[PDB]
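Take these chains first, placed just as they are in the complex:
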Amino acid sequence: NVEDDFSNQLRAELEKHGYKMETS
Amino acid sequence: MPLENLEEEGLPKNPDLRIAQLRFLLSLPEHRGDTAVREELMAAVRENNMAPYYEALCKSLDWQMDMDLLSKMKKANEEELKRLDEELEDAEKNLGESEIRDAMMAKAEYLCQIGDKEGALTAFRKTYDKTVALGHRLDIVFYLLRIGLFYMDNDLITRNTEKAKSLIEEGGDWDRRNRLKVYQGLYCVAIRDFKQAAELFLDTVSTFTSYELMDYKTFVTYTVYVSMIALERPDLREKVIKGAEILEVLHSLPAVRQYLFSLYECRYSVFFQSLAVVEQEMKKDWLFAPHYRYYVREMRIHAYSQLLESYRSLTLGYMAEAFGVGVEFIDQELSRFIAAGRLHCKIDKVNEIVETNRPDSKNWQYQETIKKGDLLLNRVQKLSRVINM
């Protein structure tokens, strides 16, 4: 909805990990 | 000059930074004499890790205020208030043209520095009415405005803004006008809206004076990020890179420009790298809202939006590769946006094909008419009964 920033932080870190291995 | 305090005070506040940050925030009040404003700023935050004093919370911040800092804080706040009392008194008795205008003025750099609202509310208003050098008036009204932002009181800030508005066209100094744009913008973020704030902000970039403002490098990076939350990719992207902004500044934009560039290029792979670097540097040093959701959410849809416009069908396999973020994460991020109605695509994950509904013709619009209609009708049915009785 709104007040997303908190979860967003967690989303960003995990996503990076997934982002390095997978990327072309 | 006092604006330098809010940005530093933002630094302990935001969630990309915390404890170390108080030692730097503390240094600025001794130097400027902004000491009263800093003390005031602790109350405004209402605890998001702030308050570096030996007076209280010695190990809670793991930084403390100094002894010289304390005596100087008291000395500076009292001197300004002390002068104010006598000048207010002496000024009434003599000439209204000259004496009062000068007396209020003399106080005023100092009065904002302390940030004392009560002494300010009476003194500031008297100066403006009586005409003199027109550029001077404009500068002064700006100090009145700085006090109100510190507290984050809605009321005091709105009150302050109005006197400046009347005055700015009167002087017509476009340099001085540009200052009023920054103050409104800080306040606009303060309530919530970056969207309002963004419009003002873009104008300020043209002509800039660093007097009553912090620094020109800090502001340009702010302006491009705030513009972006409001504006879509085509226009903002062209202005920052192809225009003047990166060449003149001589590099401080790279984080925000990288974030826009990926959309333009249609290589999403850079977009996902750019998010972390911009978040900490540009967005989060802010007292007035270090709230990523507006920025982050708007940018994530803008990235998807162009990809959806360009093809009726895509594979998952292509989506996943382009972004570089995983298959699950891309679905998860999308789940909010489709449901909210920012976007309208689906992923048939198990077969690895994505179908996209196009934004073209009457059909997309028919879906839309209905959405506005349902709520309107709902409000209507309530209205019909209440008015009738």
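Okay, I see it. Numbering: from 1, shown residues only, chains lettered A, B, ... in the order given.

CA atoms for contacts and neighbours, from now on please.
Noted.

Leaving out chain neighbours, which residue sits closest to residue B:312?
Once flanking residues are discounted, residue B:312 sits nearest to residue B:356: 5.3 Å by C-alpha to C-alpha, 6 or more residues apart in numbering or on different chains.

and residue B:248, that's in a strand?
No - counting by DSSP: H, G, I helix; E, B strand; the rest coil, residue B:248 is located in no strand; its state is helix.

That one: neighbour count?
8 (other C-alpha atoms under 10 Å in any protein chain shown).

what residues are up against it?
Residues in contact with residue B:248 (C-alpha atoms under 8 Å, 6 or more residues apart in numbering or on different chains): none are found.

related to what we said a few turns ago, could you verify my assumption that the residue nearest to residue B:312 touches residue B:310?
No - applying C-alpha atoms under 8 Å, one finds residue B:356 not in contact with residue B:310, separated by 9.8 Å.

Between these two, point out the one with more neighbours.
The neighbour comparison of residue B:356 against residue B:310 (other C-alpha under 10 Å) goes to residue B:356, with 18 against 11.

Give me the buried positions along stretch B:222-241.
Residues of stretch B:222-241 classed as buried: B:222-233, B:236-237, B:240-241 (neighbour count, 16 or more other C-alpha atoms under 10 Å in any protein chain shown).

from those, which is closest to chain A?
Distances from chain A to these, taken as C-alpha to the nearest C-alpha, are shortest for residue B:229 (14.4 Å).

Spatially nearest residue to the closest one, not counting backbone neighbours?
Of all residues not flanking residue B:229 in the chain, residue B:295 sits nearest, at 5.1 Å (C-alpha to C-alpha, 6+ apart).

Spell out which parts of chain B neighbour chain A.
The interface of chain B toward chain A, taken as C-alpha under 8 Å from any C-alpha of the partner chain, is made up of B:269, B:272-273, B:276, B:291-293, B:321-326, B:329, B:336, B:340.

Now do the helices in chain A.
Assignment of helices within chain A using DSSP state H yields the ranges A:5-22.

Spell out which parts of it neighbour chain B.
A:1-5, A:8, A:12, A:15-16, A:18-20, A:22-24.

Could you give me the PyMOL syntax to select whichever of these are buried?
A single PyMOL command selects the buried members of the residues of chain A next to chain B (16+ other C-alpha under 10 Å):
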select buried, chain A and resi 5+12+15+16+18+19
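
picking that back up, among the residues of chain B next to chain A, which lie within helices?
Counting by DSSP H, those contribute B:269, B:272, B:273, B:276, B:292, B:293, B:321, B:322, B:323, B:329, B:336, B:340 to helices.

Please identify the helix or strand for residue B:379.
Residue B:379 belongs to helix B:361-388 when elements are defined using DSSP states H and E.

ignore the last one, residue B:107
Here residue B:107, judged by DSSP H and E, is contained in helix B:99-114.

and chain C, same structure:
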Amino acid sequence: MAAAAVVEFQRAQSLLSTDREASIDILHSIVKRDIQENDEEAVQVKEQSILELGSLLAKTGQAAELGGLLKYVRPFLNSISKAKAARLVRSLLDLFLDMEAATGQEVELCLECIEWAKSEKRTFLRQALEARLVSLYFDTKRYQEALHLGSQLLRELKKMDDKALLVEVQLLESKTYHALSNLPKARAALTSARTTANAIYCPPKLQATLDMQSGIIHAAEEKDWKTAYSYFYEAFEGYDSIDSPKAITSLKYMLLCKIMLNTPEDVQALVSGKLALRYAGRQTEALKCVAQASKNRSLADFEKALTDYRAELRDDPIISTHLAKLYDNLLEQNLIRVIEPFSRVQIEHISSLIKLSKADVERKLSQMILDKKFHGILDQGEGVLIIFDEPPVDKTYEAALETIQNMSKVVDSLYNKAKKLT
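Following on from the chains above, chain C is added here:
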């Protein structure tokens, strides 16, 4: 009289006789003595001193002697006390600027000079130095500084003006601001330039900039390529006597007009080697390669060329803007013919007509769809491009959407008002 009689002989002798490393030492000592000199006319002696040192400026080189030597020209300039003298010194500066040294040295030498001209003596010299610093800044990509230097001066030299030398600052400003992408400012500098310039009579160099600069405004802003071509010819003729960075910017423009016309043959017919060969490197070749590209109907030739060329794009505004029009135009031509008889046309067919690789055209197309410059869709799930009639929205519904939104705010207001009844 001393500057010519002993000084030139002694400088020539040290260099001729003993080695280039050995002479540098003599050379430092000779310039220190020069301050005092032994002149019997300050006027003459100073014109010649500045000239003899001026041999070193031209190289430009990065020697120890080069940085220190540069410092000597500045008190010597203040002492000169003649108007005619300014043009001479300007030329030597032009030569320091054409051949690059470090970024930092070049900028500082000119900055320091502006301030000293102001201290010791007239606004007239302060102004002349300025033309050069602003020129060099656009190349360095220190725009912010260029803007401050040129804007500040304008009011002050205005009460002085009856003289030819002042126009030049105004000419230079327009170029720097136009590259900067500030069209009001460029247009403002233009406004000042033609009113002040009166008639040509002024030094060949001065005439050379006056004609060249009117051409830029006409070509980019007002789109009169014919008037622009004609301007550039006159300018070229005036440039041949000197060597300056300004002379090369004139060479680009004549060729540029032809390419603009969209006859690539004319470009090839025209080539004037007179300024072009001196300056030959990337800047000369660029205008011909672009022409080749227009002729071929290949996006790829144009695409490759553009990356290398971006320093040239930054240098002058005219090239950057027109090359963007050309690249984009060419893509557009190639694409229209491909969609028009085929809907669900094969990827190999667009790759082949445009002259790109399959991956490269799709990428660029993505952007174009978004702008909606052919009102199609690229279908990835077959890897086919489809052009159909799929117009964005329609007029009744688009306006109605805005109407239903507005009503929502109105009913809310009605709810507030309505509170009072209950």
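
Check the neighbour count of residue B:248 one more time with chain C there.
18.

ok, back up a step: tabulate the CA atom coordinates of the helix holding residue B:107 in PDB.
The C-alpha trace of helix B:99-114 is given here as PDB (Å, rounded to 0.1, in the frame of the first residue of the first chain):
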ATOM      1  CA  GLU B  99      14.500  52.600  13.200                       C
ATOM      2  CA  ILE B 100      12.200  49.600  13.400                       C
ATOM      3  CA  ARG B 101      13.300  48.300  10.000                       C
ATOM      4  CA  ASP B 102      17.000  48.400  11.000                       C
ATOM      5  CA  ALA B 103      16.400  46.900  14.500                       C
ATOM      6  CA  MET B 104      14.600  43.900  13.200                       C
ATOM      7  CA  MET B 105      17.100  43.300  10.500                       C
ATOM      8  CA  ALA B 106      20.000  43.400  13.000                       C
ATOM      9  CA  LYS B 107      18.400  40.600  15.000                       C
ATOM     10  CA  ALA B 108      17.300  38.500  12.000                       C
ATOM     11  CA  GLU B 109      20.500  36.500  10.900                       C
ATOM     12  CA  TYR B 110      21.000  35.600  14.500                       C
ATOM     13  CA  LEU B 111      17.200  35.100  15.200                       C
ATOM     14  CA  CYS B 112      16.900  32.400  12.500                       C
ATOM     15  CA  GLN B 113      20.200  30.700  13.600                       C
ATOM     16  CA  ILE B 114      18.700  30.100  17.000                       C
END
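
Which strands and helices lie in contact with the helix or strand following it?
Next helix or strand after helix B:99-114 toward the C-terminus (DSSP H and E): helix B:117-125. With contacts taken as 3 or more C-alpha pairs under 8 Å, 6 or more residues apart in numbering or on different chains; DSSP states H and E, helix B:117-125 sits against helix B:67-93, helix B:99-114, helix B:134-151.

How many neighbouring residues does the residue of the stretch 201-350 of chain C at minimum distance from chain B have?
Residue nearest to chain B within the stretch 201-350 of chain C: residue C:314 (9.4 Å; C-alpha to the nearest C-alpha). Residues near residue C:314, counting by other C-alpha under 10 Å, number 19.

try residue C:158
Neighbours of residue C:158 (other C-alpha under 10 Å): 11.

about what we covered before: any chance of the helices and strands packed on helix B:117-125 in JSON lines, plus mean neighbour count and distance to chain C?
Formatted as JSON lines, these follow (neighbours: other C-alpha atoms under 10 Å in any protein chain shown; distance: least, C-alpha to the nearest C-alpha, whole Å):
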{"stretch": "helix B:67-93", "mean neighbour count": "14", "distance to chain C": "37"}
{"stretch": "helix B:99-114", "mean neighbour count": "20", "distance to chain C": "28"}
{"stretch": "helix B:134-151", "mean neighbour count": "22", "distance to chain C": "19"}
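
Apart from its chain neighbours, what residue comes closest to the residue of the stretch 1-150 of chain C found nearest chain A?
In the stretch 1-150 of chain C, no residue comes nearer to chain A than residue C:141, which is 34.3 Å away by C-alpha to the nearest C-alpha. Distances taken as C-alpha to C-alpha, 6+ apart place residue B:247 nearest to residue C:141, at 5.6 Å, with adjacent residues excluded.
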